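Chemist: First the structure, which I've put down as structure tokens, then a few questions once you've had a look.
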Amino acid sequence: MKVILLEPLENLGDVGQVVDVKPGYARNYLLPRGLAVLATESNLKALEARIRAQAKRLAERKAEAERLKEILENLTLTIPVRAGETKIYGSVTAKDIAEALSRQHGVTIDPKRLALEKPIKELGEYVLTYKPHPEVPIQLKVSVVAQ
Amino acid sequence: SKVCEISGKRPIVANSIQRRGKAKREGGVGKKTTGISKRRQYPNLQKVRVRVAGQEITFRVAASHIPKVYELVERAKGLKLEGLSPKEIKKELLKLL
RNA sequence: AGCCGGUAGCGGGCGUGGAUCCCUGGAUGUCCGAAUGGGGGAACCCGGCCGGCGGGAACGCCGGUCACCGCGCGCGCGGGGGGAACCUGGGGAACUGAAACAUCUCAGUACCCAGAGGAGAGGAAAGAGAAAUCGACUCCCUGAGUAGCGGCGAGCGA
RNA sequence: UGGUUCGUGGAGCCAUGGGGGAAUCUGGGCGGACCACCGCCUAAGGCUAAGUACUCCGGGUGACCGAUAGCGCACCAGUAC
RNA sequence: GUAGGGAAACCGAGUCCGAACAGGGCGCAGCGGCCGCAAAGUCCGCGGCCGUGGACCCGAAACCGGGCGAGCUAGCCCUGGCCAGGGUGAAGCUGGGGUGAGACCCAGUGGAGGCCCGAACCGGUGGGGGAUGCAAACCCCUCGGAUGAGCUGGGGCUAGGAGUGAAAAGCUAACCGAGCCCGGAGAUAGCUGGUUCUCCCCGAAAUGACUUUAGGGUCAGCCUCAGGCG
RNA sequence: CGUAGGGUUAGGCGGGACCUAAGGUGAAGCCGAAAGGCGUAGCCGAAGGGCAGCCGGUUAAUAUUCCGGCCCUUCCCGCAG
RNA sequence: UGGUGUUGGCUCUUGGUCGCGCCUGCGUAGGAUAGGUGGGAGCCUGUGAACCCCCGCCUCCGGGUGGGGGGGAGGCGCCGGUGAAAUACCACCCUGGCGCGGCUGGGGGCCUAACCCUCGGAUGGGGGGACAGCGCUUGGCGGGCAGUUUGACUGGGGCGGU
RNA sequence: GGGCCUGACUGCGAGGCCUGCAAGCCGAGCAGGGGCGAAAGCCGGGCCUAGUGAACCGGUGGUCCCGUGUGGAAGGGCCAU
Ligand SMILES: [Mg+2]
Ligand SMILES: [Mg+2]
Ligand SMILES: [Mg+2]
Ligand SMILES: [Mg+2]
Ligand SMILES: [Mg+2]
Ligand SMILES: [Mg+2]
Ligand SMILES: [Mg+2]
Ligand SMILES: [Mg+2]
Ligand SMILES: [Mg+2]
Ligand SMILES: [Mg+2]
Ligand SMILES: [Mg+2]
Ligand SMILES: [Mg+2]
Ligand SMILES: [Mg+2]
Ligand SMILES: [Mg+2]
Ligand SMILES: [Mg+2]
Ligand SMILES: [Mg+2]
Ligand SMILES: [Mg+2]
Ligand SMILES: [Mg+2]
Ligand SMILES: [Mg+2]
Ligand SMILES: [Mg+2]
Ligand SMILES: [Mg+2]
Ligand SMILES: [Mg+2]
Ligand SMILES: [Mg+2]
Ligand SMILES: [Mg+2]
Ligand SMILES: [Mg+2]
Ligand SMILES: [Mg+2]
Ligand SMILES: [Mg+2]
Ligand SMILES: [Mg+2]
Ligand SMILES: [Mg+2]
Ligand SMILES: [Mg+2]
Ligand SMILES: [Mg+2]
Ligand SMILES: [Mg+2]
Ligand SMILES: [Mg+2]
Ligand SMILES: [Mg+2]
Ligand SMILES: [Mg+2]
Ligand SMILES: [Mg+2]
Ligand SMILES: [Mg+2]
Ligand SMILES: [Mg+2]
Ligand SMILES: [Mg+2]
Ligand SMILES: [Mg+2]
Ligand SMILES: [Mg+2]
Ligand SMILES: [Mg+2]
Ligand SMILES: [Mg+2]
Ligand SMILES: [Mg+2]
Ligand SMILES: [Mg+2]
Ligand SMILES: [Mg+2]
Ligand SMILES: [Mg+2]
Ligand SMILES: [Mg+2]
Ligand SMILES: [Mg+2]
Ligand SMILES: [Mg+2]
Ligand SMILES: [Mg+2]
Ligand SMILES: [Mg+2]
Ligand SMILES: [Mg+2]
Ligand SMILES: [Mg+2]
Ligand SMILES: [Mg+2]
Ligand SMILES: [Mg+2]
Ligand SMILES: [Mg+2]
Ligand SMILES: [Mg+2]
Ligand SMILES: [Mg+2]
Ligand SMILES: [Mg+2]
Ligand SMILES: [Mg+2]
Ligand SMILES: [Mg+2]
Ligand SMILES: [Mg+2]
Ligand SMILES: [Mg+2]
Ligand SMILES: [Mg+2]
Ligand SMILES: [Mg+2]
Ligand SMILES: [Mg+2]
Ligand SMILES: [Mg+2]
Ligand SMILES: [Mg+2]
Ligand SMILES: [Mg+2]
Ligand SMILES: [Mg+2]
Ligand SMILES: [Mg+2]
Ligand SMILES: [Mg+2]
Ligand SMILES: [Mg+2]
Ligand SMILES: [Mg+2]
Ligand SMILES: [Mg+2]
Ligand SMILES: [Mg+2]
Ligand SMILES: [Mg+2]
Ligand SMILES: [Mg+2]
Ligand SMILES: [Mg+2]
Ligand SMILES: [Mg+2]
Ligand SMILES: [Mg+2]
Ligand SMILES: [Mg+2]
Ligand SMILES: [Mg+2]
Ligand SMILES: [Mg+2]
Ligand SMILES: [Mg+2]
Ligand SMILES: [Mg+2]
Ligand SMILES: [Mg+2]
Ligand SMILES: [Mg+2]
Ligand SMILES: [Mg+2]
Ligand SMILES: [Mg+2]
Ligand SMILES: [Mg+2]
Ligand SMILES: [Mg+2]
Ligand SMILES: [Mg+2]
Ligand SMILES: [Mg+2]
Ligand SMILES: [Mg+2]
Ligand SMILES: [Mg+2]
Ligand SMILES: [Mg+2]
Ligand SMILES: [Mg+2]
Ligand SMILES: [Mg+2]
Ligand SMILES: [Mg+2]
Ligand SMILES: [Mg+2]
Ligand SMILES: [Mg+2]
Ligand SMILES: [Mg+2]
Ligand SMILES: [Mg+2]
Ligand SMILES: [Mg+2]
Ligand SMILES: [Mg+2]
Ligand SMILES: [Mg+2]
Ligand SMILES: [Mg+2]
Ligand SMILES: [Mg+2]
Ligand SMILES: [Mg+2]
Ligand SMILES: [Mg+2]
Ligand SMILES: [Mg+2]
Ligand SMILES: [Mg+2]
Ligand SMILES: [Mg+2]
Ligand SMILES: [Mg+2]
Ligand SMILES: [Mg+2]
Ligand SMILES: [Mg+2]
Ligand SMILES: [Mg+2]
Ligand SMILES: [Mg+2]
Ligand SMILES: [Mg+2]
Ligand SMILES: [Mg+2]
Ligand SMILES: [Mg+2]
Ligand SMILES: [Mg+2]
Ligand SMILES: [Mg+2]
Ligand SMILES: [Mg+2]
Ligand SMILES: [Mg+2]
Ligand SMILES: [Mg+2]
Ligand SMILES: [Mg+2]
Ligand SMILES: [Mg+2]
Ligand SMILES: [Mg+2]
Ligand SMILES: [Mg+2]
Ligand SMILES: [Mg+2]
Ligand SMILES: [Mg+2]
Ligand SMILES: [Mg+2]
Ligand SMILES: [Mg+2]
Ligand SMILES: [Mg+2]
Ligand SMILES: [Mg+2]
Ligand SMILES: [Mg+2]
Ligand SMILES: [Mg+2]
Ligand SMILES: [Mg+2]
Ligand SMILES: [Mg+2]
Ligand SMILES: [Mg+2]
Ligand SMILES: [Mg+2]
Ligand SMILES: [Mg+2]
Ligand SMILES: [Mg+2]
Ligand SMILES: [Mg+2]
Ligand SMILES: [Mg+2]
Ligand SMILES: [Mg+2]
Ligand SMILES: [Mg+2]
Ligand SMILES: [Mg+2]
Ligand SMILES: [Mg+2]
Ligand SMILES: [Mg+2]
Ligand SMILES: [Mg+2]
Ligand SMILES: [Mg+2]
Ligand SMILES: [Mg+2]
Ligand SMILES: [Mg+2]
Ligand SMILES: [Mg+2]
Ligand SMILES: [Mg+2]
Ligand SMILES: [Mg+2]
Ligand SMILES: [Mg+2]
Ligand SMILES: [Mg+2]
Ligand SMILES: [Mg+2]
Ligand SMILES: [Mg+2]
Ligand SMILES: [Mg+2]
Ligand SMILES: [Mg+2]
Ligand SMILES: [Mg+2]
Ligand SMILES: [Mg+2]
Ligand SMILES: [Mg+2]
Ligand SMILES: [Mg+2]
Ligand SMILES: [Mg+2]
Ligand SMILES: [Mg+2]
Ligand SMILES: [Mg+2]
Ligand SMILES: [Mg+2]
Ligand SMILES: [Mg+2]
Ligand SMILES: [Mg+2]
Ligand SMILES: [Mg+2]
Ligand SMILES: [Mg+2]
Ligand SMILES: [Mg+2]
Ligand SMILES: [Mg+2]
Ligand SMILES: [Mg+2]
Ligand SMILES: [Mg+2]
Ligand SMILES: [Mg+2]
Ligand SMILES: [Mg+2]
Ligand SMILES: [Mg+2]
Ligand SMILES: [Mg+2]
Ligand SMILES: [Mg+2]
Ligand SMILES: [Mg+2]
Ligand SMILES: [Mg+2]
Ligand SMILES: [Mg+2]
Ligand SMILES: [Mg+2]
Ligand SMILES: [Mg+2]
Ligand SMILES: [Mg+2]
Ligand SMILES: [Mg+2]
Ligand SMILES: [Mg+2]
Ligand SMILES: [Mg+2]
Ligand SMILES: [Mg+2]
Ligand SMILES: [Mg+2]
Ligand SMILES: [Mg+2]
Ligand SMILES: [Mg+2]
Ligand SMILES: [Mg+2]
Ligand SMILES: [Mg+2]
Ligand SMILES: [Mg+2]
Ligand SMILES: [Mg+2]
Ligand SMILES: [Mg+2]
Ligand SMILES: [Mg+2]
Ligand SMILES: [Mg+2]
Ligand SMILES: [Mg+2]
Ligand SMILES: [Mg+2]
Ligand SMILES: [Mg+2]
Ligand SMILES: [Mg+2]
Ligand SMILES: [Mg+2]
Ligand SMILES: [Mg+2]
Ligand SMILES: [Mg+2]
Ligand SMILES: [Mg+2]
Ligand SMILES: [Mg+2]
Ligand SMILES: [Mg+2]
Ligand SMILES: [Mg+2]
Ligand SMILES: [Mg+2]
Ligand SMILES: [Mg+2]
Ligand SMILES: [Mg+2]
Ligand SMILES: [Mg+2]
Ligand SMILES: [Mg+2]
Ligand SMILES: [Mg+2]
Ligand SMILES: [Mg+2]
Ligand SMILES: [Mg+2]
Ligand SMILES: [Mg+2]
Ligand SMILES: [Mg+2]
Ligand SMILES: [Mg+2]
Ligand SMILES: [Mg+2]
Ligand SMILES: [Mg+2]
Ligand SMILES: [Mg+2]
């Protein structure tokens, strides 16, 4: 008897997979405990239309992030600070870069996503990955400068 | 030993035909009937308990039509069944037949 | 143009201003009965609720209303029981016949039960069966005691 | 197992209590095992007058009875008993 | 009906068996001077007899179906009632005796028991009577039980291949080895009985063969009528 | 016996407007081709439980019923505690 | 009482079957232990050679085959001895065996959730448990019951005889 | 007693015996292909009379007659047992 697993069960199959088991197993264990649903043709489309819709929201992330990988990687965030020789008196944070990428260049950005543990305490030209979506990591060139 | 609530399968009357002899096809003289008496053949009636709208509903159903019960439950997902009694849920289930 | 049934009599009345009487509709219709407020040994008993009557609160009477089940969004529509045979469906004998008897016959008859109606069933081809064909179903005639079935017996019979 | 003329017969067809268990016309069922060929027909939803049956009832008519007959009852009979 | 023969294919005044052109089986056929007329055959009436049906009529013992009965009787269940009087005198108890203590013995008290005698009541042993009875089971005398497995009132349940039975196949409404009613039904009866005006002619058989046959049948024999032959 | 006329008087007697017994019926529930079979509660079910009237007089015919004497029960309303 | 439906889970263990690793194959003759038909006139070695010895396995008593170490580059065929077929190498399959898997047949054990019993509590706990019950089907026992049968002749019938 | 042999024939069959039926019995002759005999001829089991069993149902060999729209097949028929 074909069923659609609602959960991944050991040596049975992965959630949402169509497996074949014995009638009594499905009727007196799986279906009563919510572990699987009858692989009827009706909800076999319900499975299909989730496989379909979930792939749609995901490829929309990988093609909205791509447009955000075009704006960045094709510009530079110049950041003016007060600096002595090379060490900065303050510090430039990811929050600073975000609030900097706001007013300048127009793009608002999520600070918590940027890859930067400690605040930048020296001048220079940095390459900071953004990661708005895995496998789509945006390399941002940010130039810390003085005055 | 009664009526399938899904199919309407009913106890039917059958003859029990006792035969002796070698069949003509086996090269024998032929089959002889040493007795014919009525008997009943029953549906393979079984209990199927399922939960619908929180309540527990029992069907008396021939084995042949056991999946037809679970279908009626799926078809009952789109019904305003909440708060009804089991006797009322059953009537709604069978109405969908 | 007589009349107050059969039914005369007693004692009283009615009708050409149309009686009696015949037809149609309406009103009244105790109690029991599917009987259905509840109970019950049918035609009896005993209640709730609302309204009325009596001096009426206790008591009693009058009118209304109150069973169960099904269906539909507490309220509605429906159901119940009956009917001479006729009909369909669900069950279903035996004597008898076979000059014994068991298969077979009697017979899907008698009968029980459910349901139906003035009829019931059936009915618009997943038909027939050889006609290069017919064209729902029902019913009658015929086909035909044919084809066949059958302890290939008795018989059964498209 | 039943139905049919068919009583297991070469036993198809129609129905179905049990088990198994499809397809959507290039699908399917049938023409008496079965196979091929050639034809016929569209199952698994429902309804449908009329022609047919009966006679509690009403009328008409008898080479039907005439009170031991004719209905069990011509009469206060499904009564008396 | 006009064509038959063959299991059939098939052939046809023929056909089948067969190698046969053999032989055999089964088949094939009007009067007068065209018409009458007689005729295949067929239709209808009428009569005899046969088949089917209850089939000449009356009659079982039985079998089956559906109901109706435990107001009789059997058992159980519930709830009430009844059993004069007398006799016997268990256990226990107490006192006395006894013993180391006891067992146990004796008296008194006591009031047990499918105990005894005997009415009511329940029975029905032997005899007589009765025998178209007073009575479809009674009467007289006698006799059994009578605190028990006792009797009994009322209210209930169990039924027909079923009940109930301290068991007799007893009883289940005055006949129970399978109740009663209605139905199948006009069961069936190779058996018994019965079968209705008159006259006239003829006129048997009771044998043989075969038969789950022997007092029943089929055929033959014997009777009768019609046609024909002579 | 025939005809006719008359005769049966209840809060307390018996039954019911109370209770339950076997048993019957039977919401819930279970079972059976149909008919129907069961079924805890509940209901019905008495000669068992419960519950207040004795004595005398009177009629041709009734009397714990009518009457007389002396008693008693329940229900309703009111008063007081 | 077998099969099967209601009837499921895990494991162990034997059985059967395919998938895969595979390894196994003994005459006269012939290197030696030749499974068979093809492909075959070459493959092989830093994917370290001729061979030294420790390890299982296969031993028809020759060995064969698998590791490991040393050493660390040559070895077998084509030819011919040779037999019915004759050799390095690469496929298909054959024998039999083993291991991982399918998929099932039995068996043993355990589980729980169908099903059954039960518990003032019940979408639950407890016990039994895929058994039992029940449906279809197979064979069997079966006067508990049912329908019947149980011949004739005959100095009556029975018995005997026929 | 011996020799050669298979007539212990196939296809029929005039005519009869017996006889309730159904059976039982005897059979010359014609044809086919034979055996023996020089031949005439005999030969269709056995000197004769008992040594047997109707139907139905089925087996086997042959036949190639039927074959459920058609070709086949299933299954029948016929001859023999
Ligand atoms: Mg059977
Ligand atoms: Mg056969
Ligand atoms: Mg055959
Ligand atoms: Mg037969
Ligand atoms: Mg069940
Ligand atoms: Mg279940
Ligand atoms: Mg089925
Ligand atoms: Mg199935
Ligand atoms: Mg009058
Ligand atoms: Mg007057
Ligand atoms: Mg007058
Ligand atoms: Mg007028
Ligand atoms: Mg009127
Ligand atoms: Mg009134
Ligand atoms: Mg009424
Ligand atoms: Mg009423
Ligand atoms: Mg009532
Ligand atoms: Mg009022
Ligand atoms: Mg008032
Ligand atoms: Mg009123
Ligand atoms: Mg009222
Ligand atoms: Mg009704
Ligand atoms: Mg009706
Ligand atoms: Mg009606
Ligand atoms: Mg019918
Ligand atoms: Mg019905
Ligand atoms: Mg029937
Ligand atoms: Mg009927
Ligand atoms: Mg019966
Ligand atoms: Mg019979
Ligand atoms: Mg008869
Ligand atoms: Mg007859
Ligand atoms: Mg008859
Ligand atoms: Mg008979
Ligand atoms: Mg007879
Ligand atoms: Mg008899
Ligand atoms: Mg019979
Ligand atoms: Mg019949
Ligand atoms: Mg009738
Ligand atoms: Mg009409
Ligand atoms: Mg109709
Ligand atoms: Mg249509
Ligand atoms: Mg004809
Ligand atoms: Mg018939
Ligand atoms: Mg006809
Ligand atoms: Mg079938
Ligand atoms: Mg049949
Ligand atoms: Mg046949
Ligand atoms: Mg058939
Ligand atoms: Mg059949
Ligand atoms: Mg079918
Ligand atoms: Mg079916
Ligand atoms: Mg098509
Ligand atoms: Mg197709
Ligand atoms: Mg079909
Ligand atoms: Mg077919
Ligand atoms: Mg057809
Ligand atoms: Mg055909
Ligand atoms: Mg068709
Ligand atoms: Mg269609
Ligand atoms: Mg219709
Ligand atoms: Mg019309
Ligand atoms: Mg109509
Ligand atoms: Mg009509
Ligand atoms: Mg008419
Ligand atoms: Mg009339
Ligand atoms: Mg007359
Ligand atoms: Mg007259
Ligand atoms: Mg008279
Ligand atoms: Mg009369
Ligand atoms: Mg007279
Ligand atoms: Mg009348
Ligand atoms: Mg009369
Ligand atoms: Mg009369
Ligand atoms: Mg009278
Ligand atoms: Mg012929
Ligand atoms: Mg001839
Ligand atoms: Mg021939
Ligand atoms: Mg001739
Ligand atoms: Mg003429
Ligand atoms: Mg004529
Ligand atoms: Mg005759
Ligand atoms: Mg008749
Ligand atoms: Mg008659
Ligand atoms: Mg007659
Ligand atoms: Mg009988
Ligand atoms: Mg009998
Ligand atoms: Mg009987
Ligand atoms: Mg009866
Ligand atoms: Mg009694
Ligand atoms: Mg009694
Ligand atoms: Mg008592
Ligand atoms: Mg007592
Ligand atoms: Mg008592
Ligand atoms: Mg006493
Ligand atoms: Mg005494
Ligand atoms: Mg005494
Ligand atoms: Mg006493
Ligand atoms: Mg004393
Ligand atoms: Mg004492
Ligand atoms: Mg003492
Ligand atoms: Mg004493
Ligand atoms: Mg005493
Ligand atoms: Mg004393
Ligand atoms: Mg005693
Ligand atoms: Mg005594
Ligand atoms: Mg005594
Ligand atoms: Mg007394
Ligand atoms: Mg007594
Ligand atoms: Mg007495
Ligand atoms: Mg007595
Ligand atoms: Mg007695
Ligand atoms: Mg006596
Ligand atoms: Mg005496
Ligand atoms: Mg006596
Ligand atoms: Mg004397
Ligand atoms: Mg006497
Ligand atoms: Mg005497
Ligand atoms: Mg007597
Ligand atoms: Mg006496
Ligand atoms: Mg006496
Ligand atoms: Mg005495
Ligand atoms: Mg005495
Ligand atoms: Mg005594
Ligand atoms: Mg005594
Ligand atoms: Mg006494
Ligand atoms: Mg005593
Ligand atoms: Mg007692
Ligand atoms: Mg009593
Ligand atoms: Mg009693
Ligand atoms: Mg009583
Ligand atoms: Mg009883
Ligand atoms: Mg009873
Ligand atoms: Mg009864
Ligand atoms: Mg009986
Ligand atoms: Mg009976
Ligand atoms: Mg018996
Ligand atoms: Mg009995
Ligand atoms: Mg007794
Ligand atoms: Mg009676
Ligand atoms: Mg009696
Ligand atoms: Mg008696
Ligand atoms: Mg009798
Ligand atoms: Mg009897
Ligand atoms: Mg009987
Ligand atoms: Mg009786
Ligand atoms: Mg009746
Ligand atoms: Mg009859
Ligand atoms: Mg009779
Ligand atoms: Mg008879
Ligand atoms: Mg006569
Ligand atoms: Mg004479
Ligand atoms: Mg004779
Ligand atoms: Mg004979
Ligand atoms: Mg004989
Ligand atoms: Mg004889
Ligand atoms: Mg005899
Ligand atoms: Mg004799
Ligand atoms: Mg006889
Ligand atoms: Mg004769
Ligand atoms: Mg003569
Ligand atoms: Mg004659
Ligand atoms: Mg003559
Ligand atoms: Mg008087
Ligand atoms: Mg007076
Ligand atoms: Mg008073
Ligand atoms: Mg009272
Ligand atoms: Mg009251
Ligand atoms: Mg009451
Ligand atoms: Mg009560
Ligand atoms: Mg109910
Ligand atoms: Mg009941
Ligand atoms: Mg009860
Ligand atoms: Mg009450
Ligand atoms: Mg009461
Ligand atoms: Mg009382
Ligand atoms: Mg009382
Ligand atoms: Mg009282
Ligand atoms: Mg008093
Ligand atoms: Mg007076
Ligand atoms: Mg008096
Ligand atoms: Mg009085
Ligand atoms: Mg007073
Ligand atoms: Mg106060
Ligand atoms: Mg079994
Ligand atoms: Mg199973
Ligand atoms: Mg366990
Ligand atoms: Mg557990
Ligand atoms: Mg459990
Ligand atoms: Mg356990
Ligand atoms: Mg099982
Ligand atoms: Mg089976
Ligand atoms: Mg069996
Ligand atoms: Mg036996
Ligand atoms: Mg017997
Ligand atoms: Mg019989
Ligand atoms: Mg016999
Ligand atoms: Mg016998
Ligand atoms: Mg016999
Ligand atoms: Mg005899
Ligand atoms: Mg003798
Ligand atoms: Mg003699
Ligand atoms: Mg003698
Ligand atoms: Mg004699
Ligand atoms: Mg003998
Ligand atoms: Mg010689
Ligand atoms: Mg010789
Ligand atoms: Mg020679
Ligand atoms: Mg002759
Ligand atoms: Mg003869
Ligand atoms: Mg002879
Ligand atoms: Mg012979
Ligand atoms: Mg010759
Ligand atoms: Mg010759
Ligand atoms: Mg010659
Ligand atoms: Mg010669
Ligand atoms: Mg010659
Ligand atoms: Mg000759
Ligand atoms: Mg000889
Ligand atoms: Mg000789
Ligand atoms: Mg001889
Ligand atoms: Mg024979
Ligand atoms: Mg026969
Ligand atoms: Mg035959
Ligand atoms: Mg043949
Ligand atoms: Mg042919
Ligand atoms: Mg054909
Ligand atoms: Mg072909
Ligand atoms: Mg042909
Ligand atoms: Mg062929
Ligand atoms: Mg053939
Ligand atoms: Mg023959």
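Ligands are numbered from 1 in the order shown, chains are lettered A, B, ... in the order of the structure tokens, and residues start at 1 in each chain.
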Would you list the residues that come within 12 Å of ligand 113? Count only C-alpha atoms (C1' of nucleotides) and all ligand atoms and give the answer as a PyMOL selection string.

Modeler: chain E and resi 123-129+137-143

Chemist: For ligand 10, collect every residue having any atom at a distance of at most 9 Å from a ligand atom (counting only C-alpha atoms (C1' of nucleotides) and all ligand atoms); output as a list in words.

Modeler: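 Here is the list of contacting residues: residues 9, 10, 11 and 12 of chain C.
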
Chemist: Could you list, as a PDB file with N, CA and C atoms (P, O5', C5', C4', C3', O3' and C1' of nucleotides), in the first residue's frame, all protein and nucleic acid residues with an atom at most 8 Å from ligand 3, counting only C-alpha atoms (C1' of nucleotides) and all ligand atoms?

Modeler:
ATOM      1  N   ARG B  25     -14.487 -35.995 -17.649  1.00  0.00           N
ATOM      2  CA  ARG B  25     -13.269 -35.517 -18.294  1.00  0.00           C
ATOM      3  C   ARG B  25     -12.051 -36.315 -17.853  1.00  0.00           C
ATOM      4  N   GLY B  27     -12.089 -39.356 -17.616  1.00  0.00           N
ATOM      5  CA  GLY B  27     -12.422 -40.670 -18.109  1.00  0.00           C
ATOM      6  C   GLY B  27     -13.378 -41.459 -17.247  1.00  0.00           C
TER       7      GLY B  27
ATOM      8  P     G H  75     -12.353 -33.020 -25.681  1.00  0.00           P
ATOM      9  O5'   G H  75     -13.900 -33.360 -25.792  1.00  0.00           O
ATOM     10  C5'   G H  75     -14.820 -32.773 -24.890  1.00  0.00           C
ATOM     11  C4'   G H  75     -16.197 -32.688 -25.485  1.00  0.00           C
ATOM     12  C3'   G H  75     -16.772 -33.976 -26.030  1.00  0.00           C
ATOM     13  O3'   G H  75     -17.217 -34.846 -25.007  1.00  0.00           O
ATOM     14  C1'   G H  75     -17.178 -32.236 -27.559  1.00  0.00           C
TER      15        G H  75
END

Chemist: Compile the residues of chain D that lie within 10 Å of chain B, evaluated using only C-alpha atoms (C1' of nucleotides), and express the compilation as a PyMOL selection string.

Modeler: chain D and resi 1-2+7-10+16-19

Chemist: Write as a list in words the residues around ligand 160, taking 9 Å as the cut-off and counting only C-alpha atoms (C1' of nucleotides) and all ligand atoms.

Modeler: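 Answer in the requested format: residues 218, 219, 220 and 221 of chain E.
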
Chemist: Return as a PyMOL selection string the residues of protein, DNA or RNA that approach ligand 143 to within 10 Å, with only C-alpha atoms (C1' of nucleotides) and all ligand atoms taken into account.

Modeler: chain E and resi 61-62+175-176+178-179

Chemist: What are the residues of chain C that have an atom within 9 Å of an atom of chain B, counting only C-alpha atoms (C1' of nucleotides), as a ChimeraX atom specification?

Modeler: /C:102-103,151

Chemist: Within 12 Å of ligand 162, counting only C-alpha atoms (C1' of nucleotides) and all ligand atoms, which protein or nucleic acid residues do you find, written as a ChimeraX atom specification?

Modeler: /E:222-226

Chemist: Any chance you could list, as a PyMOL selection string, the residues in range 34-83 of chain A that come up strand (DSSP E) when DSSP is run on the backbone?

Modeler: chain A and resi 36-38+76-81+83

Chemist: Write the residues you've just listed into a file as an mmCIF file, in the first residue's frame, and include N, CA, C and O atoms for each of them.

Modeler:
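Contents of the output file out02.cif:
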data_model
loop_
_atom_site.group_PDB
_atom_site.id
_atom_site.type_symbol
_atom_site.label_atom_id
_atom_site.label_comp_id
_atom_site.auth_asym_id
_atom_site.auth_seq_id
_atom_site.Cartn_x
_atom_site.Cartn_y
_atom_site.Cartn_z
ATOM 1 N N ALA A 36 1.979 9.086 8.551
ATOM 2 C CA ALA A 36 1.859 9.041 7.101
ATOM 3 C C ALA A 36 0.407 9.277 6.716
ATOM 4 O O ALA A 36 -0.501 9.156 7.539
ATOM 5 N N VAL A 37 0.204 9.624 5.449
ATOM 6 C CA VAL A 37 -1.124 9.844 4.895
ATOM 7 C C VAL A 37 -1.269 8.958 3.667
ATOM 8 O O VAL A 37 -0.290 8.638 2.987
ATOM 9 N N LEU A 38 -2.505 8.534 3.414
ATOM 10 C CA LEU A 38 -2.829 7.690 2.273
ATOM 11 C C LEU A 38 -2.403 8.344 0.964
ATOM 12 O O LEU A 38 -2.851 9.449 0.639
ATOM 13 N N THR A 76 31.770 50.151 -4.758
ATOM 14 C CA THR A 76 32.639 50.179 -3.594
ATOM 15 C C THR A 76 32.044 51.121 -2.565
ATOM 16 O O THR A 76 31.569 52.207 -2.908
ATOM 17 N N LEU A 77 32.067 50.702 -1.308
ATOM 18 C CA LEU A 77 31.546 51.522 -0.221
ATOM 19 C C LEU A 77 32.721 52.281 0.379
ATOM 20 O O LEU A 77 33.499 51.726 1.158
ATOM 21 N N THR A 78 32.877 53.545 -0.014
ATOM 22 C CA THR A 78 33.894 54.399 0.588
ATOM 23 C C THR A 78 33.373 54.910 1.925
ATOM 24 O O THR A 78 32.239 55.399 2.016
ATOM 25 N N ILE A 79 34.184 54.749 2.968
ATOM 26 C CA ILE A 79 33.787 55.101 4.332
ATOM 27 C C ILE A 79 34.790 56.080 4.933
ATOM 28 O O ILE A 79 35.928 55.695 5.239
ATOM 29 N N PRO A 80 34.417 57.349 5.109
ATOM 30 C CA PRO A 80 35.335 58.313 5.738
ATOM 31 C C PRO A 80 35.269 58.288 7.258
ATOM 32 O O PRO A 80 34.183 58.399 7.841
ATOM 33 N N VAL A 81 36.423 58.152 7.912
ATOM 34 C CA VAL A 81 36.506 58.116 9.366
ATOM 35 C C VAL A 81 37.534 59.138 9.835
ATOM 36 O O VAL A 81 38.208 59.790 9.039
ATOM 37 N N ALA A 83 40.963 59.092 11.573
ATOM 38 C CA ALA A 83 41.988 58.074 11.740
ATOM 39 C C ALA A 83 43.347 58.721 11.939
ATOM 40 O O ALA A 83 43.659 59.744 11.326
#

Chemist: Rounded to one decimal in Å, what is the spacing between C1' of residue 76 in chain G and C1' of residue 61 in chain G?

Modeler: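 That distance, rounded to one decimal, is 25.8 Å.
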
Chemist: If the limit is 12 Å from any atom of ligand 146, counting only C-alpha atoms (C1' of nucleotides) and all ligand atoms, which residues qualify? Return them as a PDB file with C-alpha atoms (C1' of nucleotides), in the first residue's frame.

Modeler:
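Dumped to out_11.pdb:
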ATOM      1  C1'   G E  69     -52.631 -23.285  23.760  1.00  0.00           C
ATOM      2  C1'   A E  70     -49.174 -24.362  30.647  1.00  0.00           C
ATOM      3  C1'   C E  72     -55.849 -29.222  32.661  1.00  0.00           C
ATOM      4  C1'   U E  73     -51.229 -31.276  33.570  1.00  0.00           C
ATOM      5  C1'   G E 160     -44.627 -29.524  19.408  1.00  0.00           C
ATOM      6  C1'   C E 171     -47.840 -35.172  31.000  1.00  0.00           C
ATOM      7  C1'   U E 172     -48.173 -30.472  27.601  1.00  0.00           C
ATOM      8  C1'   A E 173     -57.008 -28.546  27.960  1.00  0.00           C
ATOM      9  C1'   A E 174     -61.541 -35.669  28.993  1.00  0.00           C
ATOM     10  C1'   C E 175     -57.655 -40.664  23.365  1.00  0.00           C
ATOM     11  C1'   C E 176     -49.826 -37.898  23.065  1.00  0.00           C
ATOM     12  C1'   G E 179     -50.736 -31.442  20.832  1.00  0.00           C
ATOM     13  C1'   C E 180     -54.532 -28.426  18.512  1.00  0.00           C
TER      14        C E 180
END
